[PDB]
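Enquirer: I am attaching a structure below and will ask some questions about it afterwards.
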Amino acid sequence: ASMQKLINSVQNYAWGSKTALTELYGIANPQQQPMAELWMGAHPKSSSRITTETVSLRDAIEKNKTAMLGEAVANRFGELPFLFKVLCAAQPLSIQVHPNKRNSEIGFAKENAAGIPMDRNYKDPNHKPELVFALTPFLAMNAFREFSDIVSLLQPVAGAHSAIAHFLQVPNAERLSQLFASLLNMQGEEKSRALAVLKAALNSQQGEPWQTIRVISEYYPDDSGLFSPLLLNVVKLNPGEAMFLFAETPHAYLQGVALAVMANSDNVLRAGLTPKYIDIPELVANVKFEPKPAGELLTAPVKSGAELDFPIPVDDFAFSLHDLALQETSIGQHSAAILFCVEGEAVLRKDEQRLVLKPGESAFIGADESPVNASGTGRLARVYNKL
């Protein structure tokens, strides 16, 4: 078959919503398990499957790389270079940073030399560029706030810690770095003091990011990450909006449902909202302490015919949305593609074959099977490579 409907995995991580996937797409969950992530791709741990008998998408690609991926992706990556997910965050997730490519390679080589098997921040030598696209209103943190914004936010908790006072004396990148590390490094009475002052300020301060801090404290009451919304931009993505997560930039998924597309990596440098040990010097060596203005946080899409492209500044993946109507639209690429029904209903056509996609269902299109003709109502999301 030319268009392959995907059989996808649902990760039942503790933080997932028990209802979102059911409410959105009619996905069954008779025992009310948390359903955190719906995986669309060829990940070795849990590959999407296709019906021929079902076979692993990963194994199918590996048997015919050039035909499935196209020559460009095949020669550059040697595999499907992205993973595509529905993320259903009922609880706040950890604050994360991903090193750039060069440092991810060095980190990988360092840990190989040390002999850490998989207990381990650099499981591979890849970067992890990522894009998030809101399906429901989506609360996140992304990047450092403007210095004067940080200054405005920290003065009501200046007595929490001397590193805060130190930054407020001279609000620059060096002291932002020290404050960042000092906050993550807090211990005992230093930490309880700082956390006591923050909690009290929640009663005298109103609105954002204070409300977000309160939200997070329900799940992470003893975490120094509670200060991060005073350092990092808090963004509330409306459904249809998107944001790219740059290398060396702290970010966190706090609440809601989104599409996430990322290059293939399991590397992560945690920067709070987690019970796990954190290599602070490593984290700091891989963070760029440059403020990002709110005006530059969202990805500005480009609309052309029925196609809404979200420009991505890396080659690892591309992402677009497609308006469906009664009249058909050809959707074509020089790579493999995964098509996902966001809303409405998609009828795909390749020569003789029809494939219907209801919301939340997805299909894999091999490079050699592009293009397809799409019609129906609502919107289809596509992940692919532009190369």
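Along the chain as shown, residues are numbered 1 onward.
If you check the header, you will see the structure was determined by X-ray crystallography, 2.1 Å.
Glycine is treated like the rest: Cβ placed from N, Cα and C.
The active site annotation in Swiss-Prot covers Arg270. The Zn(2+) binding site annotation in Swiss-Prot covers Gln96, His98, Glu130, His251.
Looking at the shown structure, what environment does each listed feature sit in?
Expert: Applying an 8 A CB threshold to same-chain residues 6+ apart, the list for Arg270 (active site) reads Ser94, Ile95, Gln96, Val97, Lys276, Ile278, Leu283. Classification of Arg270 (active site) by DSSP places it within a strand.
Counting only same-chain residues six or more apart in sequence, the Cβ atoms lying under 8 angstroms from the Cβ of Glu130 (Zn(2+) binding site) belong to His98, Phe244, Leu245, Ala260, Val261, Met262, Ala263. DSSP assigns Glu130 (Zn(2+) binding site) to a strand.
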Enquirer: Determine the most Cβ-crowded residue among the binding-site residues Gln96, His98, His251, using a 10 Å radius around each Cβ and all protein chains in the structure.
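Expert: Result for the most crowded candidate: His98.
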Enquirer: Excluding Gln96, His98, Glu130, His251 themselves, which residues in that chain have a Cβ inside 8 Å of the centre of the Cβ atoms defining the Zn(2+) site?
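Expert: Same chain, not in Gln96, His98, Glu130, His251, Cβ within 8 Å: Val97, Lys128, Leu245, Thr249, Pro250, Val268.
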Enquirer: Over a break of 3 residues, report the distance between the Cα atoms of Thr52 and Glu53 in whole Å.
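Expert: Cα of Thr52 to Cα of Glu53, across the missing 3: 5 Å.
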Enquirer: In three-state terms from DSSP, label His98 (Zn(2+) binding site) for me.
Expert: coil
